[PDB]
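Below is one structure; the comments refer to it alone.
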RNA sequence: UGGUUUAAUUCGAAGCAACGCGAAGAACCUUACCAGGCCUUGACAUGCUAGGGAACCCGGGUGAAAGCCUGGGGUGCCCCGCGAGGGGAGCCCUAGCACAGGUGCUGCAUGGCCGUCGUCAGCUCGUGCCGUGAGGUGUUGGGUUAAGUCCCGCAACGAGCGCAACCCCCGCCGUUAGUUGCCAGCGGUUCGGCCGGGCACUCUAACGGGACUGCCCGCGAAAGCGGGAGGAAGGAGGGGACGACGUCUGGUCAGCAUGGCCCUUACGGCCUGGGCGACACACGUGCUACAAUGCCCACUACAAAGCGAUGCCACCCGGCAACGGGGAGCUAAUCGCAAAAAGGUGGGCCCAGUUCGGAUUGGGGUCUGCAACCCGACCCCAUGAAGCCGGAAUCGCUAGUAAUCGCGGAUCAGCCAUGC
RNA sequence: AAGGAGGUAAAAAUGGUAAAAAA
């Protein structure tokens, strides 16, 4: 039925807040408002190289953003003439001191948001669902993971019946904690509908 | 309720006090019904809105300072 | 109507008593927990998706 | 004579900010009355699990605001200097006063 | 401090127990078989969303 | 909520899984519904053609209001200027255009998100064996448990998601720590933690330990069961989040996105009104009750949690009160919301449509808000219905649970909150 | 009784739901 965000349950010692800044009772709103706007217009632009996490810090002008990209290469631009315009606008609609920090994660086939990103985008480019996606779960357990699952729900190929085609390989202990799982859902848009791409990836015990 | 005072509106005021400059035509055409009835309106054809249309109500005494739009039914159909 | 409605209050009219809260991450007035300036479904989507500090998937 | 209150959402780090201060302060001067914990005020919130008219089915969420309090004796220049300079709350709120 | 008159009473009992079982734990030998240390339970439990007194539920229709 | 009805009584949900459900604050707002006034390159963004205005500060007529016709100001900047001028930009105006927009249909095209069966114990992988094979096996057999929990058997041996465990609240202890607490231990006192002092005790809130049938005895082949103790803690210690594979084309296009169909000076947009509260009945969840284990007035008691800056609002005062005028402290464990109530301790009623129960009823008051008629809460005093404890039937609940009693927060000008 | 089994027993007030069609 539900499943609930592993995330919205991993906020113990397994998922530390995406946005780390204390707030005043009154303040809270407008702060998060500008915040979600940052992530927002960032999303439209700095997608180009897989935007996973978006680490946020705020003390008092301390607008530190640690954009976990996927590969900041052809995204910082030559000499940083693209990091420039982004920090620029960042300042344009943030009445304080901005930060960029392109902290991409070492490895691709980890952190399910970008996994599912490529996943849904393959269907976005019409491609073979079960074939290339089984190849995706494949690639995950071909990277060194411990359990990969990709649910893809919606109008495959049209045909009224919106199935929920599902594939998996490796253990996915969702009721556990220490085990740690990364969850990421891509919002797949068929030219003819909206199908939901979703992925869980397992890591391991002890941590 | 105004605790100290009685609520009314100035449309009616400016209107009544200007026909009182003579005592002319036997019609007025008001859109407000939230207003409190006053005795200086004399009380001819206060034509008030209802919800569908303006419907003239007569006014003399016992409607003293109680609300206007109360002698305009609105709640059509009975039981 | 919808689009015009958010604009209706977004610009404060005549009387203080004609303002009504607005989920700026979904767009409604019903059950918008003013503390966050967020509706209830917008609330839960935010807190769940990890994009909300101070909270806790409470277990008290 | 020093009133330092530390308001925090991450009690783990927030406490780490409470004893740290006290070391370098008990170090760069004299006594520094222990970090003393203060009532973590919690703002209770809650709402239903979904969108459609499902009166039951609900999730609670709340704000954990831990309060901290350090008192130091008669201050020193080292103490005040570094322990007003160095820090990295990265969010946590630091509010001091002269009572 | 706290609870109620009776709750007060409870804690008083608890302590009068614990105090003589300190400055003479010779009295402990003949007081646990009497049950003068098992503390307590009781909590007007966290109200269940959906039910009243975390147990007390609304009248079921079916119809 | 059906039905009923109106100009409109705006839609959604429907055996359990809809009916105090979206609705966690519908007077106008909200608002999607109606009658009427009216705007429409549109309340919103996006860019071009050709034209003018600098942005932009005020005002008059009109009108229910949106809208509408004009009037005072007005002339910041780039290039070329002690001169004249135009073009260019934010910048608004008008035609034309590309367009916006539509809570219009379509959940039988969809995502996501809840429901629900259901914390029900279920769904399977691996090598081996059986079966031509589909496949079976493992998982069918017995005792046992909340449990596919464990043991025994056994052609299997195991392994993963489920159950559990790792997570939190709550009970016992500890170490850090002392502006909450206190003679607990000392001094004094305006004897009231009130003045110094102190960390012992509560508390606070952190880091661990502590319980496993571990010990003792009787039974069972073991899994387990009986009895007893050590201990704050027994045999899963109490609770909470936690909810599989799957079904059900469940629920939702009126939170959102959303494939399509669709109106485009009208299904778009504003305003003022009116309805969402209507009434010959019917129904679910509910508050109160119908009474002496009680109603009433007086004195004292112990709560826990959650709040409060243009808010919490103690205090005198005016007012019987509703609340109003002057007024302290308060970014709170230090200030106030706040009196917990039942308990207890006195006095009244004397079994009665009663000092019961206030349903409703009239002449007046307070508060918020432009505004309290429809349609607000609250105050007064006069009114004082039904109700004599409920047939068929049918609901809750297994321990601090039920029953009883008070208390706060959410959103909110206010409040229909007897709801959650 | 532990089972498989050959003969003789008990056991249902009611009903119409169409179907082009997805993996």
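If I ask for residues that are away from RNA strand G (no atom under 16 Å from the Cβ) and either crowded, with 16+ Cβ neighbours inside 10 Å or within 14 Å of chain C (Cβ to nearest Cβ) (or both), which ones from the stretch A:143-168 would you list? Walk me through how you get there before you give the answer.
Residues of the stretch A:143-168 away from RNA strand G (no atom under 16 Å from the Cβ): A:143-149.
Answer for the stretch A:143-168, where residues must be away from RNA strand G (no atom under 16 Å from the Cβ) and either crowded, with 16+ Cβ neighbours inside 10 Å or within 14 Å of chain C (Cβ to nearest Cβ) (or both): A:145, A:146, A:147, A:148, A:149.
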Filtered residue count, the stretch A:33-61, keeping only those that are within 14 Å of chain C (Cβ to nearest Cβ), free of Cβ contacts under 8 Å to residues at least 40 places away in the same chain and more than 19 Å from the chain's Cα centre (by Cα): 3
Take the stretch B:9-58 and flag every residue that is over 22 Å from residue B:74 (Cα atoms) and in a loop (DSSP other than H, G, I, E, B). B:20, B:21, B:22, B:23, B:24, B:25, B:26, B:42
Exactly one of D:92, D:32, D:42 is surrounded by 13 or more Cβ atoms within 10 Å (Cβ to Cβ) and either more than 27 Å from residue A:27 (Cα to Cα) or more than 14 Å from every other protein chain (Cβ to nearest Cβ) (or both), and that residue is D:32
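Could you name every one of the strands (runs of 3 or more DSSP E) located completely within the stretch A:90-207 that has at least 1 residues being within 15 Å of RNA strand F (Cβ to nearest atom), under 17 Å from the mean Cα position of the chain (by Cα) and under 24 Å from residue A:70 (Cβ atoms)?
Ranges flagged: A:147-153, A:181-190, A:193-202.
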Scan the stretch A:1-31 residue by residue and report those that are outside any strand (DSSP E or B) and within 7 Å of chain C (Cβ to nearest Cβ). A:5, A:7, A:8, A:9, A:11, A:15, A:17, A:18, A:21, A:23, A:28, A:29
Count of the stretch D:45-65 residues which are touching a strand residue (DSSP E or B) at 6+ places or on another chain (Cβ under 7 Å) and within 14 Å of chain E (Cβ to nearest Cβ): 12
Among residues of the stretch B:37-70 being near RNA strand F (Cβ under 9 Å from one of its atoms) and buried (at least 16 other Cβ atoms within 10 Å of the Cβ), the residue farthest from residue B:6 (Cα to Cα) is B:49
Looking at C:54, C:37, which is the one that is within 14 Å of chain A (Cβ to nearest Cβ), farther than 24 Å from residue A:198 by Cβ and touching a helix residue (DSSP H, G or I) at 6+ places or on another chain (Cβ under 7 Å)? C:37
Of (1) touching a strand residue (DSSP E or B) at 6+ places or on another chain (Cβ under 6 Å); (2) in a helix (DSSP H, G or I), residue A:86 satisfies all except one. Which? (1)
Among the listed residues A:119, A:140, A:115, A:197, which satisfies the condition of being surrounded by 14 or more Cβ atoms within 10 Å (Cβ to Cβ), farther than 30 Å from residue A:82 by Cβ, more than 16 Å from RNA strand G (Cβ to nearest atom) and touching a residue at least 60 places away in the same chain (Cβ under 8 Å)? A:140
Picking from C:18, C:28, C:22, which residue would you name as being within 14 Å of chain A (Cβ to nearest Cβ) and either out of contact with any strand residue (DSSP E or B) (no Cβ under 8 Å at 6 or more places or on another chain) or in contact (Cβ under 8 Å) with a residue 40 or more places away in the chain (or both)? C:22
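No Cβ is skipped: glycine too gets one built from the backbone with ideal geometry, and neighbour counts run over all protein chains shown. None of the figures in this text is laboratory data; all of them are computed from the coordinates on show.
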